[PDB]
Every structure is written in structure tokens, then in C-alpha cells.
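Peer 1: Quick one: the structure is below, questions incoming.
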Amino acid sequence: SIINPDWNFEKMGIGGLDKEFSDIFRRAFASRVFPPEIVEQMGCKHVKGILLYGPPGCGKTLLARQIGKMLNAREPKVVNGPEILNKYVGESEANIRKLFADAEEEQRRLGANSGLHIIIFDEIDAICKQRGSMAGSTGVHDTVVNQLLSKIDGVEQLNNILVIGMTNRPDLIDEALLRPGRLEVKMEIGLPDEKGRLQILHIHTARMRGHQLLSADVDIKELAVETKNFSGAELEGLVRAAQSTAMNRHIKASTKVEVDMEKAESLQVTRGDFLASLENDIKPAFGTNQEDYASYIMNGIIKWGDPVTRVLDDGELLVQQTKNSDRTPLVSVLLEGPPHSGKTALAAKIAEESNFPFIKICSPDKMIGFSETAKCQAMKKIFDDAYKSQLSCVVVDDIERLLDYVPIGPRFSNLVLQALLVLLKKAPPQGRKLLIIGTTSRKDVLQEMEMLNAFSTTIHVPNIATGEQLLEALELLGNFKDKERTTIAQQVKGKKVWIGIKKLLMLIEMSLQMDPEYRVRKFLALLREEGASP
Amino acid sequence: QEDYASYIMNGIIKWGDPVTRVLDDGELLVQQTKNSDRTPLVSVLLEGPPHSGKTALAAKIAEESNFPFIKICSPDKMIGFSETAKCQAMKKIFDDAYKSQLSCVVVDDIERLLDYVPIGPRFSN
Ligand SMILES: Nc1ncnc2c1ncn2[C@@H]1O[C@H](COP(=O)(O)OP(=O)(O)OP(=O)(O)O)[C@@H](O)[C@H]1O
Ligand SMILES: Nc1ncnc2c1ncn2[C@@H]1O[C@H](COP(=O)(O)OP(=O)(O)OP(=O)(O)O)[C@@H](O)[C@H]1O
Ligand SMILES: Nc1ncnc2c1ncn2[C@@H]1O[C@H](COP(=O)(O)OP(=O)(O)O)[C@@H](O)[C@H]1O
Ligand SMILES: [Mg+2]
Ligand SMILES: [Mg+2]
């Protein structure tokens, strides 16, 4: 026994994970606390390694270091995954072998009284003959893995080691590396919650409070509730950014105004710096991104008719259904209409109004020149990230362009289609929800490919089909005068109008390039030339 | 005993006679494959319209057999794989199945393993 019966994890660095320690200690390290006499009388062996997995930057290395410290072990021998890899034949095995030399030597000399040596891996999934199954070429000359196993067990036995593996992709771990006698205790370190964020923020700001540098205006609960899906490292980044911004503001103000030494000595950070840094500096990876919405809804939403309200209300109903419901944790929907009807903007608005913590948009604008396998990898990565949050929402921008559909042929990619069909019918882990929104202009082709049988609902986005609707749209936009509007109404009362909003904006912009006299006739000619008749 | 509770998500309610017929046929097939001597290999195919409840009944039939080896091969654990990887995975499952004295294997959604699409048609040979 070297640690108190209930252990202690607080104000020692790691602050967010206090239940994890108890779980792991109960499950794995019960032999090293009991009096050695009884353990030797029973005749049992200790666990020879554990595995940790979770999102990056959530405090895994700290846990391993503290576990090593609490067991009275020597200095950990850190190592990285990609670092142990070399193209020369029979060189990675050497790197794997050099790590255990000290343990072997001490076992040889001291016999059965040596201490404890702990090896901490990192990105252990890099060396594995399972990533090769996925489309690619990372065979890593399988031999490597075998060598590692031959050192954890085999004919020659080592009884004074402990291997802690850490990974982010728990689905690429070789299955032979989890049998009894090897790494045989798995654990999860997920994102923090309100209390965890509060504790982390309290810990990381303890220095200033001692020296009265921090202002009395700032709270810590407000900043704990404002940050929704922040991880451990982003809070430290936020604190550093606040420090830098406050310092820069203070120096600039002192230079601008010859303030007395009373305030010059003071370097209070206040709360404005924290809010400014939070809203401008840090961009979470597992949270909402308010910058990208303005890249799709460029001119907002204007109500020119009833259909817009219908679509928005149906979206609200779907969001409410997915939020609070059991027996149905996955919901899908599809928006369909003719080209230039404004489907992407409406989808973005529906997603934004949901107030979910995790919102993402998967569009083909960021996949130029990609092979189909890379597209599959990106889609799967987006969905994998979505699966690590309590409430999520994913938008697929264009389903026809993701498949590479061309009417001649026809031609398309089958791998992406099958991946989408599989992913649309896979529920998240227990206790979590999801929502998916589609978008397309060719419903018939999707129906012919048996893809409309996977979605759960469908919505229709119509165009402008009456003169008064066009007049109302122009009035809301505000680009034509009074007599101009009278002339437009007189010439468009015929009611033979069928246009899309995007095309309407383009036509107005083109028509407004002449002197005020000839605008009306040019606009009317352009509109008339587009005389569609469904 | 985690796959069965993951595939039968809402139990099995009896809304009519057909359920009993399906379960009885499954039981008879299981008894045949257990008690026979000149027919060690048996197969069966469950078909019907979409959204009819094919996977739940198959999982229930497999679970109610009490065989010491049971495995399910679904396509949702092979996202992004190529043809060779699928072949290797299926062959590995069957090879493991061959080392026991009593086994049962479930193959799910045969039409998604071949990558069928009515246009073309296209699939994996
Ligand atoms: N009521 C509205 N509904 C939709 N878009 C609107 C509305 N009012 C204004 N807009 C603007 O019209 C444009 C809509 O174009 P959008 O990108 O949504 O078209 P689309 O249907 O996706 O086109 P494409 O066929 O090129 O994919 C955006 O600028 C949007 O801001
Ligand atoms: N008597 C029943 N038979 C089948 N499923 C039932 C029954 N009672 C309840 N259920 C539930 O209904 C759902 C049936 O969906 P299931 O996954 O079996 O569909 P499926 O036939 O595989 O569909 P798909 O055509 O989409 O592949 C499951 O939740 C199952 O638990
Ligand atoms: N639970 C936590 N409590 C306090 N700080 C944390 C916590 N988790 C992560 N950190 C901070 O994150 C950084 C270290 O991240 P690290 O432990 O390497 O995580 P990972 O191995 O997942 O990247 C340090 O700034 C550390 O203070
Ligand atoms: Mg679009
Ligand atoms: Mg099925």
C-alpha cells in the first residue's frame, strides 16, 4: 500500500476527471493496494497494461502521468506512434525493441524485487495491420506489431512493466492486442460538462487571483455556461488570449493617454477582454461555427409568400420531434425543388434556428479534385465527429454533385452512393440523437436509385408563380420607384411569370447597369425572354 | 449477448398469426440441423417487403437456438471497404465458425453486400 484507500484527485492538475480514477483503480489496480503477503499467498498476477481512447485534447496524458506517479514508478518513457516507423527493412522492430532494455537489465540484476517501469505510448493505432483494410496502402509491414507482442509476453517473461496505450480511433486497433495477458482494460475520456468546465477554468486562473491581477468584474460561472462544447485545451487557449488582449489594450491606452502611475501599475484584465477573445479568438472544433452561416445566407430571408412559413414550421416540428423523443433517435428529411429556388439558404436557416450544440455543413465546395475514396473518408469523418455529442445536426449540401452524376451515360460513383445509403440508416451510440437534412434538384434520379426509400420525409420549395408575388418581392427588396412599379405591374399583370429568387436578383442587378430612363424596358425584355411554361 | 439486444430494439410483439408460423419454422430448422447425420449443412432465406421486420426475427431465431457459437455479419461495420476486404472479413468469420462443434451464422442484407443498384445494373462479382 502506497496510496490512501480512496486516493485523491483535485487541485493537482487534472481536475475534470474525478470519477474516472475510481473506476480504473477499482477495475485494474486492486492487486497493488492489498498487503503483499496476502497477494503472494493467493498467487495471482497483475494487469500488464491498459488502453485509453477519446477525442483529442481532453486530458489523457495527464491521467497517465498521475497514474504513474501514484504507483511509485520510475520516470515514464514517452514515445510517439508515427515516430517509430522507417522504410529500411528491419528497422522499426529495432525501435520497438530498444524500449524494454532497462526493464530486462533490472530484472536480471535485482531478481524479483525491482521497481515499476511504465511505458506511455501515443497514437498506438499508427502501427496496425487493420487500417490497410480501408481503401489505401498503410500495410506497415505487419511484422512490427508481432515484435511488440513478443515483448509483452512469450517464452521469456517480464514481470515489472506496465504499458499504457492511448488512441483516438478505437476501431483501427488490432484485435490480437486485446486478449487476456495483454492490454485488457479499456476506458473512455469524453468531453467535459458544465461542472468540468467550471473546475478547469477555476484551476487555470488561480495564478492571477493570488496577485490581484484579475479584475473583480469577471465571473467564472458565466464563462462556464457560455462555453458549450469546449474541450480542455481550448479553455487554456482562451485564458492566454484574454491575457494577451488585455495587455495589448492596456499598453495602447497608456500610450494614448498619459494616465497617472496609479492605473499604470494596475494591469487588470476586466471582463470585456474575455468576451472579445471568446467571440473572436477561439474557434471550437466540436462546436458551432457562426462564421460559415454568413457564407451561405448572404442576403437573408425575405417573406414573399406563404410557402416560406410552411417550410420553416415543418422544420421546427422536425427539430422538436428529434429533440425530445424515445423509440426514434435518428431522423432525416429532404428538400427538393427546381434550380435557383433557394434551398441551401433555407436549410442553413432551419439548422441555425435549432440551437443545437453541434452544427456542421458537408458541401462539395471543399472537395475539388478529390477521388471518391477521399470523399468517403471525409464524409465518414464528419459523421464520426457528429457521433461524439449529445445533440447533433448535419447538412448535406448537394447530393447530385457528391455522386458525380452526368445525364450522358448515365455515370456516377457507386462507392459514395453505397456509403451514403449505409450511413443514413445507422443509429448513434446509446442515449444520443441525430438529425440530417438533404438538398437536391433532381428528385426523379434519386427515386430511380432507391435512395428516396431511406429518408423519412420530404419538403417542396416552389418558385414565384404570380404577378403580385413578384411585386411584393420587389417591394421588400426595394429597388424600383413608384411610377416604375406602376409600369412593371401594368406590364406583368399578364400573369405569365415563373422565375427563381436567385435569377431574379441577377436580373435586377443586370438591369440596374443603365441610365434611369431605359431600366424598365431592359428589365421587362429580360423577364419576357425567360418565359417558362411548366 | 449484446448484439441481440442491439438488433431487437423494441422487442417482439405478436400482432397476428404469421409471427408464430415464422418462429415455428425456425425452430424446426434448428432441430433438424442439430439432430441430423446425413445433412450437416443447412441454409434458409427470409424475404419480404421493405420495413417488414426481417432482421429482428432472424436475430430472435438465432438467439433462441442455444448454440455455443453465434455471429452476425452486417454491412454497417464495413463502411468504405473494398471488395477484397469484404471477402477477407467474411472468410475470417466462417473460418472461425468452422472450429466449433455447433455454430450458427447470420448474413444480413445480402443486397447491400453485392453493391446492387438498379441502374446498370452494377454490383460486385
Ligand atoms: N426567401 C428566400 N429564400 C431563399 N433564398 C433567399 C430568400 N430571399 C433571399 N434569398 C437569397 O437568395 C439566394 C438563394 O440562393 P441559393 O444558394 O440558396 O440557391 P440554390 O437553390 O442552392 O441554387 P443552386 O441550384 O445553384 O444550388 C441567397 O442569396 C439567399 O440569401
Ligand atoms: N413482431 C415484430 N416483428 C418485427 N419487428 C418488430 C416486431 N415488434 C416490434 N418490432 C420492432 O420493429 C422494428 C423492425 O425493424 P427491422 O430492423 O427489423 O426492419 P427490417 O425488416 O430489417 O427493415 P429494412 O427493410 O429497412 O432492412 C424493430 O425495432 C423491431 O424491434
Ligand atoms: N481535465 C483537465 N484538467 C485540466 N487541464 C486539462 C485537462 N485536460 C486537458 N487539460 C489541459 O490540456 C493540456 C494537455 O492536454 P493532454 O493532457 O495532452 O491531452 P491529450 O493527450 O488528449 O492531447 C494542458 O494544457 C492541460 O492543462
Ligand atoms: Mg444548392
Ligand atoms: Mg435489415
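Letters A, B, ... mark the chains of the C-alpha cells in the order given; residue numbers begin at 1 per chain; ligand numbers begin at 1, in order shown.
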Given a cut-off of 8 Å, which residues of chain B touch chain A, counting only C-alpha atoms, written out as JSON, numbers by chain?
Peer 2: {"B": [10, 75, 76, 79, 80, 81, 82, 85, 112, 115, 117, 118, 119]}
Peer 1: Using DSSP on the backbone coordinates, identify the residues of chain B assigned to alpha helix (DSSP H); present them as an MDAnalysis selection string.
Peer 2: chainID B and resid 4:7 17:35 54:63 83:97 110:113
Peer 1: Neighbours of ligand 5 at 7 Å or closer, counting only C-alpha atoms and all ligand atoms: which residues, as a PyMOL selection string?
Peer 2: chain B and resi 54-55+108-109
Peer 1: Give the residue list for ligand 2 at 7 Å, counting only C-alpha atoms and all ligand atoms, as number ranges by chain, sorted by chain and then by residue number.
Peer 2: B: 7-15, 19, 49-57, 109
Peer 1: Next, write the just-selected residues to a file, as a compact mmCIF listing (two decimals), in the first residue's frame, keeping C-alpha atoms as the atom set.
Peer 2:
```txt
# COMPACT_ATOMS: atom_id res chain seq x y z
CA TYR B 7 -30.76 -5.58 -33.17
CA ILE B 8 -34.07 -6.24 -31.39
CA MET B 9 -34.55 -2.64 -30.29
CA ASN B 10 -38.25 -2.79 -29.33
CA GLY B 11 -38.87 -6.45 -28.58
CA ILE B 12 -41.22 -8.74 -30.48
CA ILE B 13 -44.96 -8.08 -30.16
CA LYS B 14 -47.49 -10.51 -31.64
CA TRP B 15 -49.91 -8.70 -33.96
CA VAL B 19 -45.16 -14.44 -36.39
CA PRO B 49 -41.31 -6.20 -48.47
CA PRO B 50 -39.20 -3.36 -47.03
CA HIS B 51 -39.76 -2.25 -43.44
CA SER B 52 -41.38 -5.61 -42.61
CA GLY B 53 -39.15 -6.74 -39.73
CA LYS B 54 -36.76 -9.26 -41.26
CA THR B 55 -33.65 -8.67 -39.14
CA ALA B 56 -35.40 -8.79 -35.76
CA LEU B 57 -37.00 -12.17 -36.48
CA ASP B 109 -28.92 -7.56 -46.14
```
Peer 1: Ligand 1: which residues are within 8 Å, counting only C-alpha atoms and all ligand atoms, as a VMD selection string?
Peer 2: chain A and resid 296 to 304 308 337 to 346 398 440 to 441 501 to 502 505
Peer 1: Please find the residues contacting ligand 3 at a distance of at most 6 Å between atoms, with only C-alpha atoms and all ligand atoms counted, and report them as an mmCIF file with C-alpha atoms, in the first residue's frame.
Peer 2:
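The result, stored in selection.cif:
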```cif
data_model
loop_
_atom_site.group_PDB
_atom_site.id
_atom_site.type_symbol
_atom_site.label_atom_id
_atom_site.label_comp_id
_atom_site.auth_asym_id
_atom_site.auth_seq_id
_atom_site.Cartn_x
_atom_site.Cartn_y
_atom_site.Cartn_z
ATOM 1 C CA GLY A 13 -3.543 19.440 -12.273
ATOM 2 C CA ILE A 14 -6.181 17.054 -13.598
ATOM 3 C CA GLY A 15 -9.446 18.481 -12.293
ATOM 4 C CA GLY A 16 -12.227 17.425 -14.640
ATOM 5 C CA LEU A 17 -11.873 13.636 -14.324
ATOM 6 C CA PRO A 56 -8.063 14.719 -28.828
ATOM 7 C CA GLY A 57 -7.050 17.287 -26.241
ATOM 8 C CA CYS A 58 -9.256 16.002 -23.402
ATOM 9 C CA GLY A 59 -6.599 15.228 -20.783
ATOM 10 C CA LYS A 60 -5.263 11.716 -21.391
ATOM 11 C CA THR A 61 -1.518 12.252 -20.893
ATOM 12 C CA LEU A 62 -2.151 13.935 -17.538
ATOM 13 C CA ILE A 200 -10.925 23.666 -15.377
ATOM 14 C CA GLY A 232 -9.728 21.074 -22.046
ATOM 15 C CA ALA A 233 -7.099 22.822 -24.164
ATOM 16 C CA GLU A 236 -6.361 27.379 -21.634
#
```
Peer 1: May I have the residues within 7 Å of range 466-472 of chain A as a ChimeraX atom specification, using only C-alpha atoms and disregarding those fewer than 5 positions away in the same chain?
Peer 2: /A:304-305,492-493,495,497
Peer 1: Which polymer residues have any atom within 9 Å of an atom of residue 80 in chain A, counting only C-alpha atoms, with same-chain residues fewer than 5 positions away left out, as a list in words?
Peer 2: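 So the residues in contact are residues 120, 121, 122, 123 and 124 of chain A.
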